[PDB]
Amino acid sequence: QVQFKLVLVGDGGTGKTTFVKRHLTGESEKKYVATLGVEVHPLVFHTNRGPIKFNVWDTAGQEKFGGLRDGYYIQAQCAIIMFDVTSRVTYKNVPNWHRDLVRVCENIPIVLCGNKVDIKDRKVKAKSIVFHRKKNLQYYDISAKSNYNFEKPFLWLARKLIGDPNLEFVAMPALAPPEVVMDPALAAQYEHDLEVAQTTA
C-alpha cells in the first residue's frame, strides 16, 4: 500500500482542522495519538496509478502556545503549511513554520495554502504571497468551508512523491457538502491574480 505521513501546520485559527475534516472517510477512520495530542486522518485518493493514502497529522490546538514537539514532525514525508488570507499575521508566521518543519524533516515536498478565500474582505492577496517562490514551494488559494481547491495540494504532492507529472485523480473523494458558497466570479478573479503574480518576480 502507498501511504505518506503528511504534517499539517500553520497558526492556530487558520482552518487546519476544518480543512482536513472535509474528507469524510478520513474523519470517520481518524486515529488519536494521545502521547502527542494528535489526530491522524487517513485520506485516500484514487489515482490512475492506484490508491494513495495521506495520513494527515492534525494538532489539537497546541500550536497556539508555541512550536510543536519533534515527535510531531518525525518521519513526515510531506507537508502543507496554512495561513489565513484574512489575517496578515498568519502569513507573516509562515517562515517560522517552514523553519521548524525543515529543521526536522528537510527537503520534503511542501504546499503553501492560503485558506478562507470565500471571504470577500481579503487581506493577504496574490501579489503579496511570495514565500513559496523563494523556497521551491507550490501555492494554492483554498477555502476549506466551500471545498474550494481541496484536492489541489494533495495532487501536487502525489505527483512530487511518486515522480509522475501525469498522475491524475480518477475521482474526487467524498467530501462534506460546502457550508458556504465560493463565488465562481471570485474564484475566476483570484486565479487570474495568482497567475499574473507568478509571472511577476
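We number the residues from 1 along the sequence you see.
Peer 1: Averaged over C-alpha atoms, is the B-factor higher for 126-134 or for 86-94 in this PDB entry?
Peer 2: Taking the mean C-alpha B-factor of 126-134 and of 86-94, the larger value falls to 126-134.
Peer 1: Mean C-alpha B factor from the entry: is it higher for 65-73 or for 22-30?
Peer 2: Looking at the record's C-alpha B-factors, the answer is 65-73.
Peer 1: When the modelled residues of the chain are sorted by Cα temperature factor, does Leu36 land in the lowest, middle or highest third?
Peer 2: Its C-alpha B-factor belongs to the highest third of this chain's values.
Peer 1: What third of its chain's C-alpha B-factors does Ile81 belong to: lowest, middle or highest?
Peer 2: It belongs to the lowest third of the chain when residues are ordered by C-alpha B-factor.
Peer 1: In terms of the CA temperature factor given in the entry, to which third of its chain does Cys105 belong: lowest, middle or highest?
Peer 2: Highest third of the chain for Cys105's C-alpha B-factor.
Peer 1: Could you look up the Cα B-factor of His46 in the entry and say which third of the chain it sits in: lowest, middle or highest?
Peer 2: Lowest third of the chain for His46's C-alpha B-factor.
Peer 1: Test of reading the entry: by CA B factor among the chain's modelled residues, which third contains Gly10?
Peer 2: Its C-alpha B-factor belongs to the lowest third of this chain's values.
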